[PDB]
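part one of the complex, untouched from its place in the assembly:
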Amino acid sequence: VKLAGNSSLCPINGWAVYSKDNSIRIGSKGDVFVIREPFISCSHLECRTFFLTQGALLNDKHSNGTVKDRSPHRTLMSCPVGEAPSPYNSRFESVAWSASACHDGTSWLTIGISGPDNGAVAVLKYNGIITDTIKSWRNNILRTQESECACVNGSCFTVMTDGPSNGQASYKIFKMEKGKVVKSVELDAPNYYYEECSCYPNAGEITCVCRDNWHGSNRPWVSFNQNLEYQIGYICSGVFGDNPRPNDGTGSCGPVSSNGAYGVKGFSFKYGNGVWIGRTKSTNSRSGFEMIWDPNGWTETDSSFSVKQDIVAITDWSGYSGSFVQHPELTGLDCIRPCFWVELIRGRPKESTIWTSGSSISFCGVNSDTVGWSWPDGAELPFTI
Amino acid sequence: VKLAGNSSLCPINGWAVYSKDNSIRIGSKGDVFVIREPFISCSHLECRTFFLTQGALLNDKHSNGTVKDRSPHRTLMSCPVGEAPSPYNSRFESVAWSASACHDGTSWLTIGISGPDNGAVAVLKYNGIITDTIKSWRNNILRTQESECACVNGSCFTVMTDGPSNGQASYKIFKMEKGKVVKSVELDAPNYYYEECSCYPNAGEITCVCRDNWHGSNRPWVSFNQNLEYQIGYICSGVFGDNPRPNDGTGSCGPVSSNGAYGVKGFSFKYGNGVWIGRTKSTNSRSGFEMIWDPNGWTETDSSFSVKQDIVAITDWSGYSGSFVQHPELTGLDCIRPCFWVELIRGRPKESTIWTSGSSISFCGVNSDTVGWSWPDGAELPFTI
């Protein structure tokens, strides 16, 4: 039976710790993949961590140069949530340096992009079998979510981008059924930039919060039907969501140009005209993490907010973050539960090592008591090498 | 179908060896977690060892300082009984530095406490999904069993403590159904101290035997209905159960104040007005282990007993111990079978290493012939480091 995706998001008060894989700490001795761009996605039965390996293990010479984003050796793999990603516990999914994945209630859909920068191809698989292919249409690093796609009523949804990372690019939404593209639409979004979208279902409608790598310190959003009829904007809150960014100030419901170049993958959950914003604590680097409840932040431009929950201290490295959801058919609830993960990047460029890898933590939205703290990576660098 | 928990404890004569994981011996070379506070719990189908990892492996630098009790990296994980806890065979359960777990016949309930000492939060999960949260009410190290909760008739029961470890603290019993707290009661127990309770079901009633860290060399007990109507006392036997303790002498059915400060997690099984006591062999340190049958020891104050079965020699390290149970729906018996595990602590503070970890052994109550021996940890310290 297919995930309905017809229920609204659960009301929540805060975020309870869900997982921590301690991957880098464990990899000091154990056989743990060098990875980055991890994400969590759930079915009607289980929750899995997906990740892009570098086809190499921590503390081994083949970890050399793994700051590098794209290679033929990068693979999408998955393991049960909270476990350190190892060749002994991980399922192979796809050859990929950019990925997405989601379960429709029947099978896993995985999307894996590999190939050359000027002609990359997204390979779609449904239950591990190739069901479709999407080829680069702008010949400039075809690239997708690095988090879970969204499913409603037997149809699953993703966003891909193609073109410059430093200017106007091309943005497409894709609708797939049983791993096959049945509809796509190019966004008519001049002056906007979409990348690395974190997309979730809410009462039959999909909302994505993305990365403006071009000229935005706030995050752009797209929301759409099951017919791909869409609306676009930027989160108006002056509690700026990207990294880097300016100090909190007067928002825009377009791109905030100070410190708008570059970015980091992130997410936010829309609650009416309010927003839950996950962001780094640093304005400059991928350091720290916090959840902020801003009850008029989706549409209003002020920097005032109601509630900050600490997740990672400023003195500790963070990285990418993304939404994931737990559906009624898994939880038994009457609503869709919002959750999030944070990637905890260690190594290059910030630290003197030959390698780059990430750990993960995750949290679920809860309508009971919670607490702020710091759950950092905890590895001691550098390694034996 | 839910575990009934309506049957009485099996009649037994002694204890037969059930498991030994050899974790520390194996971890000298293999990828074995640094752990402490292990415990065993069973379902209608399987038995699992739960444990608090230090988010690190034995013989690796990240094992440095693991004598330390609480950190953000500590996680509750589980593996099949008797297997060495490894990232390759362990299921992730929760982020936790204090834990409990039990199966109601349908799903695993896990309880994991993490967060700061002044505001820790117990995260409850049912089938791996968060179902409730309990926040520290005295802001002083919220802490739970470090052994299995008890289930009867689709309801599961645990004890938590909050407050000083050196004086009067606050003690609550919790009743949960499908991982959600449905009732709780604070114990009216002036001059008593409860901690690290080992709780088991017996004919619809739960009995816990706990640790008085304040001023008790004997163990306190609580027993209660499914309505949380309770009775309290201390084991009267002059065969004192805690560590440290005085020499065996004249018991109290209150706290025995000589050597009553500090303690160790332990258990006992009440059999009428008699008791099976598991305890260290040393009066001073966590060394050795023995089972003692004292047939009037629950209510009488003398130091005479009938039967001693050796489990670990005085010349070998022991540590925590706890009860676990095997229900009729798993065993096919007409009674609830009592079992116990012992944690075998190696390293700090007693030995010159940078790390602390534990192995485990376990035993089940049997109505046939058995034998005393020593089944110690067997690792040779120190390690390569």
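Yep, it's here. Numbering: from 1, shown residues only, chains lettered A, B, ... in the order given.

Quick check: bridge partners of the nearest residue to residue A:96 once chain neighbours are set aside?
In space, and not counting its chain neighbours, residue A:96 is closest to residue A:112: 3.3 Å by C-beta to C-beta, 6 or more residues apart in numbering or on different chains. Where C-beta positions appear, they are placed from N, C-alpha and C, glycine not excepted. Beta bridges link residue A:112 to residue A:99, residue A:123, judged by DSSP bridges.

wouldn't residue A:112 be in contact with residue A:92 here?
No. Using C-beta atoms under 8 Å, residue A:112 is not in contact with residue A:92, being 10.4 Å away.

who has more neighbours, the two?
Neighbour count, other C-beta atoms under 10 Å in any protein chain shown: between residue A:112 and residue A:92, residue A:112 has more, with 24 against 12.

Can you pull the residues of the stretch 251-385 of chain A lying near chain B?
Residues of the stretch 251-385 of chain A that fall close to chain B, judged by C-beta under 8 Å from any C-beta of the partner chain: A:326, A:330-331, A:361, A:364, A:366, A:368-371, A:373-376, A:378-380.

And the residue of chain A found nearest chain B, which helix or strand is it part of?
With C-beta to the nearest C-beta, the shortest gap between chain A and chain B falls at residue A:82, namely 2.7 Å. For residue A:82, there is no host helix or strand (DSSP states H and E).

how about the nearest residue to it, chain neighbours excluded?
Distance criterion C-beta to C-beta, 6+ apart; nearest residue to residue A:82, sequence neighbours excluded, is residue B:92 at 2.7 Å.

just how off-centre is the helix or strand that contains the one you found within its chain?
Assigning secondary structure by DSSP H and E places residue B:92 in strand B:91-95. Put simply, strand B:91-95 sits 18 Å off its chain's centre (C-alpha atoms, centre = their mean, to the nearest Å).

Then stretch A:197-205?
For stretch A:197-205, the distance to the chain centre is 13 Å (C-alpha atoms, centre = their mean).

can you give me the end-to-end distance of it?
Using C-alpha to C-alpha, to the nearest Å, one end of stretch A:197-205 lies 15 Å from the other.

burial count for the nearest residue to residue A:53 once chain neighbours are set aside?
In this structure, residue A:53 finds its nearest non-sequential neighbour in residue A:33, 4.4 Å apart by C-beta to C-beta, 6+ apart. By the measure other C-beta under 10 Å, the count of residues near residue A:33 is 24.

please slot chain C in as well:
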Amino acid sequence: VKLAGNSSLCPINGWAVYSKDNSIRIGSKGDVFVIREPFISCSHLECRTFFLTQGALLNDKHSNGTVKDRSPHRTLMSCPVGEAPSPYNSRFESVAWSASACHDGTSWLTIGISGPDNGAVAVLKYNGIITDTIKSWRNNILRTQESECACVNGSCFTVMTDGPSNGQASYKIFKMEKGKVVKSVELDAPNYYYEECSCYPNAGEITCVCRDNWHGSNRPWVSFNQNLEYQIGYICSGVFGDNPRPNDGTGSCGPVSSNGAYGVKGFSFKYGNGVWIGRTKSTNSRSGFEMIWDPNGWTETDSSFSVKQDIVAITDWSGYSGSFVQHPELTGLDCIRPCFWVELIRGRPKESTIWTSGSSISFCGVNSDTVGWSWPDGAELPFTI
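Now chain C, sitting on the chains shown earlier:
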């Protein structure tokens, strides 16, 4: 329910990346088998990589001399596709230095050849139980596919060879049901040489493309019914398929004698009178890999072709390659899907190491957009040793 094998091959335009195991890269640190002769085969439910271990792990002294083809320690094992072959994730199949395997829709049939060069015995197993034996009939290295057998309608088919590798040998086709030989036929093929056949089903008929180690630079083929009534020939295309070989030129629908001695395991898919040829890029060594569509190449002798898709660069090592198929009962398609794997050999004789091993990549035929690239082994030799 048995795999029907009554459907035709899917129409395709190109090849989409399916897997990459990164085995040698991972084995630099992790516990990965020294292997060669890997192959992929699927059931109605899963896809597995089969391989011949050397009964040893990479970067260990027992990897010494593993360029050697046959030993008592060689074993056939399998693991899920795309995972590095490890003692922790691999199923034991058979004692073997030559092998085949395939699933009939009910159970795995495995064929494992071990024993002395002058009297080797093929052990057939069905669901892991020995169901038959085939003994060497020419007393000179009995040897089979090193890729999947072919199944149609509850019957499975393989080819074995016995005799000289440098002249006329003896070639038999075998038909088995439930792992038991029910019919065999010796090919009447004077001046032909068959070895290491890659065999696939197409509408109830089996086609094998093989290795002429004697005097053929093009590949021989056999096709047959379920009654073992056969036809024989060589691929006529002047796009020569073997390694070594001459430059592309004027083909033969017999063996092309320039550079015809020695060879490499390979495959081709017949599409009418056209062919998809997989071959090394080098004419001399096992280097590079490419797919070539030659639309009249099965029967015509010219060297012109329509479509080249790059798979591995000339500057990188390749090795064996083979066909595998995915049936309608697994994919839900109305046709049999063609796929292929490539073995990426590292070490001896081409590189200064004490050992020889292979990685694998794989690709599936798709009727949508695809891209050429290089997905090489990526290990950096030599190893610690």
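
please look at the neighbour count of residue A:33 again, because chain C has been put in.
Residue A:33 has 27 neighbouring residues, counting by other C-beta under 10 Å.

Now do the contacts for it.
A:27, A:51, A:53, A:54, A:56, A:57, A:58, A:77, A:85, A:86, A:87, A:90 (C-beta atoms under 8 Å, 6 or more residues apart in numbering or on different chains).

Provide the secondary structure category for residue A:36.
For residue A:36, the secondary-structure state derived from DSSP: H, G, I helix; E, B strand; the rest coil is strand.

how far away is it from residue A:154?
Residue A:36 sits 32 Å away from residue A:154, taking C-beta to C-beta, to the nearest Å as the criterion.

before we move on, the earlier item: among the contacts of residue A:33, which are in strands?
Counting by DSSP state E, these place A:51, A:53, A:54, A:56, A:57, A:77 in strands.

and chain A, which of its residues are near chain C?
Near chain C, when you scan chain A using C-beta under 8 Å from any C-beta, you find A:31, A:53, A:55-57, A:59-62, A:71-73, A:75, A:77, A:87-88, A:90-95, A:112, A:114-116, A:119-121, A:123, A:128-130, A:132-135.

Spatially central residue (nearest the centroid) of chain A, please.
Centroid check for chain A by C-alpha atoms, centre = their mean gives residue A:322 as the closest residue, at 3.3 Å.

show me what contacts the closest residue to chain C within the stretch 251-385 of chain A?
Using C-beta to the nearest C-beta, the single residue of the stretch 251-385 of chain A nearest to chain C is residue A:384, 10.9 Å away. Shown in contact with residue A:384 (C-beta under 8 Å, 6+ apart): A:28, A:59.

Reduced to three states, what does it come out as?
Counting by three-state DSSP, the backbone at residue A:384 sits in coil.

Got the phi and psi for it?
With angles defined as degrees, to the nearest 10, residue A:384 sits at phi -50, psi -40.

ok and the residue in chain A nearest chain C?
residue A:92 (2.7 Å).

wait, that residue sits on residue C:84?
No. Between residue A:92 and residue C:84 there is no contact under C-beta under 8 Å: 9.3 Å.

Identify the contacts common to these two.
Contacts common to residue A:92 and residue C:84, judged by C-beta under 8 Å, 6+ apart, are residue C:21.

following sequence is chain D, add it:
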Amino acid sequence: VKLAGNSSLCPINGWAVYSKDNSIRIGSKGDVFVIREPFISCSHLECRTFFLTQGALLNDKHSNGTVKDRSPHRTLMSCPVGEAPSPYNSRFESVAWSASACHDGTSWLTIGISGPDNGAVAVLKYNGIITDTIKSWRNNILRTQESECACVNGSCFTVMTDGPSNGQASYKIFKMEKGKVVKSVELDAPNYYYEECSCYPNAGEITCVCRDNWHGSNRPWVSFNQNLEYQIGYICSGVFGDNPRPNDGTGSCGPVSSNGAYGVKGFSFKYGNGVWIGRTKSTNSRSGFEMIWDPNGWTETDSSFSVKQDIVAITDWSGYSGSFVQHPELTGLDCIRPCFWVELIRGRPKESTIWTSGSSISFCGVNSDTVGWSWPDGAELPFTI
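Okay, chain D now, added to the rest:
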């Protein structure tokens, strides 16, 4: 449904290779248990290798002194057949320095002996739950098969010994149903010695071939009903089965006293008044292995035989060997299939290492063509240490 055990042994011509785990070779680098006394046993669905670990891994300091037979750290564990025994692939069964195991068609029965030499206790488990206990009755190393028990019609059968290893001891047969002893009988066997019995079912009757450690160079046998009504004797063949032994000569249907002290675990399969004998090739040491068909050897005293099949060369170490069986409900045959395993011991006392461990090979009886060879351990000693 229970294994019937009512069918006769399959007619066979020879032995086909079934498995080889390469454990010691793999353990040079990988995390492989130090073990000895392995054995294979099957259910209606799977085949598993059982083994007595030393609670330690190969090439680690805790392997020191593992020539030693009994310790508290020895555990019975199991893994799928042909896989190297690792903490990552092995199921914990029991705490044991002597063991037996067998499946009745419903669940695994395991028997594990631990405790002191003067009071050891056999712990019986059915589906991993303790169902009975058997205590030493002569207070002198209670000891059992080190191979599979035998099951017929929902009842399982084993042999245990207690007393001197250098003279008359006490020998009991045990009948169990659902892991509980329902009948036992002490053998009235003056001048006989039984130990380490290899027992198999044949048409409702159990036959065991054992080790006379006292004064027998030939093997003793017991055969019995489901009522424990028994007959006893020694294999009459002058093809002597034990190690050490004299040269082949004139047999006895009592103990052959030359070279009769000490022994090695072994087996034989009775076929009418004929026997299939598995034995070392050396008369002195545990070296080499061969299968011999002696068609009148059960009852006749001559040294002539019909058929020798080589299994391990004299120049290579062997060790224990034992029978195992595959029942009709697993294989689909109309008969019980005979199989055997050989333990390949490396290290002490014969080789200069600090440790002792064993690999395994196995073979099944087949009515088709087979071949003799040598499949030795293949590890190169000594190790890094």
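
ok chain D is loaded, check the neighbour count of residue A:33 again?
By other C-beta under 10 Å, 27 other residues sit near residue A:33.

same thing with residue A:226?
Number of residues near residue A:226 (other C-beta under 10 Å) recorded here: 17.

re earlier: in contact with the residue nearest to the centre of chain A: list those residues for me.
Under the criterion of C-beta under 8 Å, 6+ apart, the neighbours of residue A:322 are A:39, A:40, A:145, A:146, A:147, A:148, A:198, A:265, A:266, A:267, A:340, A:341.

Also residue A:320?
A:36, A:37, A:38, A:146, A:196, A:264, A:265, A:266, A:342, A:343, A:345, A:358.

ok, how many other residues are close to the second one?
Using other C-beta under 10 Å, residue A:37 has 26 other residues around it.

go on, the last one?
The number of residues packed near residue A:358 is 26, by other C-beta under 10 Å.

for it, what are its contacts?
For residue A:358, the contacting residues are A:23, A:24, A:35, A:36, A:37, A:38, A:319, A:320, A:343, A:344, A:345, A:346, by C-beta under 8 Å, 6+ apart.

residues in contact with stretch A:207-214?
A:150, A:159, A:164-169, A:192-200, A:218-223, A:234-235, A:241-242, A:255, A:260-268, A:270, A:323.

try stretch A:345-355
So stretch A:345-355 is contacted by A:24, A:34, A:36, A:58, A:63-67, A:285-286, A:317-320, A:356-359, A:377, A:379, A:381-383, A:385 (C-beta under 8 Å, 6+ apart).

Now for whatever residue of the stretch 1-150 of chain A ends up closest to chain D, how many residues are close by?
Relative to chain D, the nearest point of the stretch 1-150 of chain A is residue A:88 (6.2 Å; C-beta to the nearest C-beta). Residues lying near residue A:88 (other C-beta under 10 Å) number 26.

Would you confirm that it contacts residue D:87?
No. In this structure residue A:88 lies outside contact range of residue D:87 using C-beta under 8 Å: 11.2 Å.

quick one: secondary structure of residue A:193?
coil.

Including distance to residue D:181, could the contacts of residue A:322 go into TSV?
Shown next, in TSV, are the contacts of residue A:322 (distance: C-beta to C-beta, whole Å):
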residue	distance to residue D:181
A:39	55
A:40	51
A:145	62
A:146	61
A:147	59
A:148	56
A:198	62
A:265	64
A:266	65
A:267	62
A:340	57
A:341	54
